[PDB]
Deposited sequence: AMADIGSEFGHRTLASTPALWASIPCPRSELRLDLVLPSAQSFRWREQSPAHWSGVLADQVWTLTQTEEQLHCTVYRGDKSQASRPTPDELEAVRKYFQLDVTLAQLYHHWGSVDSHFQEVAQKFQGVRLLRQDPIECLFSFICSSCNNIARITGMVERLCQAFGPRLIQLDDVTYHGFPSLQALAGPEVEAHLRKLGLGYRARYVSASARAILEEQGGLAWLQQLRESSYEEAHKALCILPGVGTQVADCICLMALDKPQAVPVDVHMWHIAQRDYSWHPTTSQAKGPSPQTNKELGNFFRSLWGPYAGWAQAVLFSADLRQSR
């Protein structure tokens, strides 16, 4: 009975396991729907379900605990090894209290604004999902992006399991996305011109860059190196590259500059371009603005930016 549908902490207590984690270090309601990953849904109030480490999970938290439950057979509580995967996904080793202190210490503005928005951290995402999810972010809003990514995974990703009327799918592989007629197919799913970038980048990686390995090892390369490489892919400009660097390649100093960030820079810092004579967003002015926040916040400027983006809603 309760053995069907998405679980909740109450309905199947013996199936959940917890990870010590204070809400000051993580607010699911601030991270999961914030445009880092687009594959988490709050199917039950305060409960988020999505694919993590190739399996489906539901997560919910109390004041000091991050409660997790996994759907693989034979119903059972998450093993310690599995829970680890959750910890790594949320990079729980990176201490938020420490980062907030540092940023608050060097930025009076961050100071005030951050008090009301604690728990905003960066998800450690898979390079492929992050690469194609953000290729779909172009001239698009979170709601539409979520739909496109969803249709995309349903059509080309492996079927995992079914909860209620939701069939979860793993993210498509490079082979799948590189397949014949993927573009036309993606266009039917509404991805528009982005359909072409998805197809083109899948093939470029597989047939020109050396495949998945080329991408995966960027995590060991330098931020400037990683950012440089990523920009080779079609549909991947400096902005989506920074997103990938920050979100999947362990480059915490990466700062994706979009119009949103410009608004923050102008309104909350009275910032203006020093180098370029261009007064608005341009390849040159965007690069600079990114440098501005890096010198202000430090080695984790990217994480700091996420905090401001949350409080800005």
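Numbered from the first deposited residue, the unresolved ranges run 1-5, 78-80, 322-325.
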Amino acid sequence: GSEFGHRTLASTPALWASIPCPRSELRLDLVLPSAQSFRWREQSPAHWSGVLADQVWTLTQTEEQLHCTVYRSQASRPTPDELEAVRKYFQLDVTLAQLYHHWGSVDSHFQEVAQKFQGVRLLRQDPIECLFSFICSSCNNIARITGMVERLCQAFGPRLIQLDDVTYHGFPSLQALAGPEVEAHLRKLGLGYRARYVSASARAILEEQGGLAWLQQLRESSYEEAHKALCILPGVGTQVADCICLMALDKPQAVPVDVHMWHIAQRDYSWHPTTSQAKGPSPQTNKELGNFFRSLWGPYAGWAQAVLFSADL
From here on, numbers count along this sequence of modelled residues.
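Note on 244-252 vs 271-279: mean CA B-factor is higher in 271-279. In this crystal structure, the stretch out of 25-33 and 283-291 whose C-alpha atoms carry the higher mean B factor is 283-291.
Per the deposited coordinates, the residue with the largest Cα temperature factor out of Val56, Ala46, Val259, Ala265 is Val259.
The entry assigns its greatest Cα B factor, within the set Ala75, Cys130, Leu96, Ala176, to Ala75.
Among the modelled residues of its chain, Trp303 has a C-alpha B-factor that falls in the lowest third according to the deposited record.
The PDB entry assigns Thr60 a C-alpha temperature factor belonging to the lowest third of its chain's modelled residues. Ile161: CA B factor in the middle third of modelled residues in this chain (values from the PDB entry).
Ranked against the other modelled residues of its chain, the C-alpha B-factor of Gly170 as given in the entry falls in the lowest third.
Per the deposited record, the Cα B-factor of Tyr223 falls in the highest third when ranked against the other modelled residues of its chain.
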